[PDB]
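Visitor: Structure incoming, see below.
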Amino acid sequence: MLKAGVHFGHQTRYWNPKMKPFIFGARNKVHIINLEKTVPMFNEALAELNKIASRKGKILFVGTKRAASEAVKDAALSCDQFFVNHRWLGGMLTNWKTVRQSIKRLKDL
RNA sequence: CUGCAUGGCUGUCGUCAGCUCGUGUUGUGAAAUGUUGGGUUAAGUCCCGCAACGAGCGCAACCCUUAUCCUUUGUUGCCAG
Numbered sequence: 008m009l010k011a012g013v014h015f016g017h018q019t020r021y022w023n024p025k026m027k028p029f030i031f032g033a034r035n036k037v038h039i040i041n042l043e044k045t046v047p048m049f050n051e052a053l054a055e056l057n058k059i060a061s062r063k064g065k066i067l068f069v070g071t072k073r074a075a076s077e078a079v080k081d082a083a084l085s086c087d088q089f090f091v092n093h094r095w096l097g098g099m100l101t102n103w104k105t106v107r108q109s110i111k112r113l114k115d116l
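With positions in the first sequence counted from 1, the corresponding number in PDB author numbering is that position plus 7.
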């Protein structure tokens, strides 16, 4: 009884063997994805993302493509969402305990 | 006597831009990345960039001298009124 959102077929190869488990087959050489290996995982994805937000968890979005470079910057006044829209800084997550000096250099503004 | 057994004290490349630490990444490791590259500089200097982000020392400056205007003043130097 489950159904796909918008999918009917998407891309050729352009390959990674690790993605084969999600791919049900092909339609005129273009690949089609398996409902049972994508839909339950996508249902969980929006459930767990909301659970982290209910636990006051800090959310980061990446919008590094032009039609998203401004939409990524806000999730309405009733919300809290961090962003990257164009460019990165090396170690800004794993070396954040040093890049906090770079953040202070901008908080100084 | 022995500074090729030593503390202290003093040269030279050179006043050349170079020597390191914390963190994150890499490699089995030595170590690299950083500190290389690009434009630029007196220069690891100043901009740019990239898995590197920052910091410490040297480097510029702080020490010494001299060049000018403006204002007030002075011995045994000066002399416009």
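Think of the CB as a built atom: it goes at the ideal place given N, C-alpha and C, for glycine as much as any other residue.
In angstroms with no decimal places, state the Cα-to-Cα distance between residue 106 and residue 12.
Guide: Numbered from its first residue, the first sequence carries residue 106 at position 99. Numbered from its first residue, the first sequence carries residue 12 at position 5. Whole-angstrom Cα-Cα distance: 40 Å.
Visitor: If we ignore side chains and look at the alpha-carbon of each, how far apart do residue 8 and residue 104 end up?
Guide: For this step, residue 8 is matched to residue 1 along the first sequence. For this step, residue 104 is matched to residue 97 along the first sequence. Those two C-alpha atoms are separated by around 49 Å.
Visitor: Quick check on residue 38: buried or exposed, where buried means 16 or more other Cβ atoms within 10 Å of its Cβ?
Guide: Here residue 38 refers to the residue found at position 31 of the first sequence. Residue 38 is buried by the Cβ-count criterion.
Visitor: Spell out a yes or no on whether the segment 87-100 and the segment 67-79 are touching, meaning 3 or more CB-CB pairs, one atom from each, closer than 8 Å.
Guide: As far as the Cβ criterion goes, the segment 87-100 touches the segment 67-79, which means the pair count is three or higher.
Visitor: What are the boundary residues of the beta strand (DSSP E) that includes residue 33?
Guide: The residue labelled residue 33 in the question sits at position 26 within the first sequence. 30-34 is the extent of the beta strand (DSSP E) around residue 33.
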